[PDB]
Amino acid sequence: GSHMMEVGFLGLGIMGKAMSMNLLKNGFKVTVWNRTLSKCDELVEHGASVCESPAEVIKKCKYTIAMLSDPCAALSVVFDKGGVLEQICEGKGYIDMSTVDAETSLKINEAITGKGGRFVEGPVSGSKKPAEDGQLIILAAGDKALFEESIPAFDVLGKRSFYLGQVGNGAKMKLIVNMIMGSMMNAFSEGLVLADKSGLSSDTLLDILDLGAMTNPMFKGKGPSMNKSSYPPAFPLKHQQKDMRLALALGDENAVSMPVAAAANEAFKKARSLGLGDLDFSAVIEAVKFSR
C-alpha cells in the first residue's frame, strides 16, 4: 500500500522496460504505459500499475518519466490525442529521457511549461546492461528544480547525473556521445575485417586491443559477438544511424566539419540497405565485410 516514491513511466522498449523494472525492483511504485500492451506483462507481475494512455499516467502521477524509441515517438506521446500535454498542469513534472535532437526537446519543453508544467530532458549514456544494473549516465537539462527533485530516481537509474543547463544541452551532449560511439564502432569494424582479410586472427586482435590504450567496455562486450557474426540488438542499428544523422545536423548547424562521423554514417546506411537495421549497431561490420 505505502511507498517512499511513485512515478509514472512511458515506454517499454529495450531501455524502457529495463529502466522501469529497475525502479520497481528498487521500491518505487511505478505506473506504466506502452503502445504494445504485452510489454506490460512483466511489470504487472512485479507490482506495476497500468494506465491506458500517457494522459492518464500524467493525471495520476506528479512525476512522470518517458523513454521512447525515437524523436517521432517522443513527440507523438506528448502531442497526440490521449497524450501527455492534455493532463499537464501546475505541479506536474515530465522527464523525457528519450534520445532526441534539441529541436524536439525544445518543442516539448515549450508545450509543457506553457501549460504550467515543469520539464527535464534526461537522455542517458549506456545500453541495456547498464540500464538493468542502474549504471546509466544521466545527461540532464531543463528545469533545475525538477532535476534536483528527480535525483532519487536518477540515483536508481544511473551511477552519475550531470546537469547541463538549459533545454537542448542534454540532447546535444547525448548526440555527440553517440556520434563518437558510431564512429568508434566503424573504426573497430574496419580493423577486425582487415585482420581477417590479411590472414590474421580477429580474436587475437581483440585480445591485443583489450590490453592496450584503447581498451574499453564496448570493444570487450561487442567484439566477441561481432567475430561470430552475432548481433542481438542492444542498441538497434537503425537508431544509431539516425543518431549519426542528428549529430551531423548539429555539426551542420554549427559549421563543424566531421569527415569521420560522415563516413561512418554512410557505412550505417549501407548496413541498413543490407537489411540489418533491426540488429545491433555492431552489425555495421557486415557492411565492411561484404564481398563477392
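Throughout, we count residues from 1 along the sequence that is shown.
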Item to check | Of 86-94 and 148-156, the stretch whose C-alpha atoms average the higher B-factor in the entry | outcome: 86-94
Item to check | Residue stretch of maximal mean CA temperature factor, 237-245 vs 30-38 | outcome: 30-38
Checklist entry - What's the residue among 189, 125, 183, 113 with the greatest CA temperature factor in the PDB record? => result 113
Checklist entry - Once the chain's modelled residues are ordered by C-alpha B factor and cut into thirds, is residue 261 in the lowest, middle or highest one? => result lowest
Checklist entry - Of the three thirds of its chain by CA temperature factor, lowest, middle or highest, which one includes residue 174? => result lowest
Checklist outcome for this item: Quick tally, chain-level thirds of C-alpha B-factors: residue 76 sits in the highest
Next on the checklist: Is residue 47 in the lowest, middle or highest third of its chain when residues are ranked by C-alpha B-factor?
Outcome noted: highest
Next on the checklist: Using the temperature factors of the C-alpha atoms in this entry, rank residue 132 within its chain: lowest, middle or highest third.
Outcome noted: middle
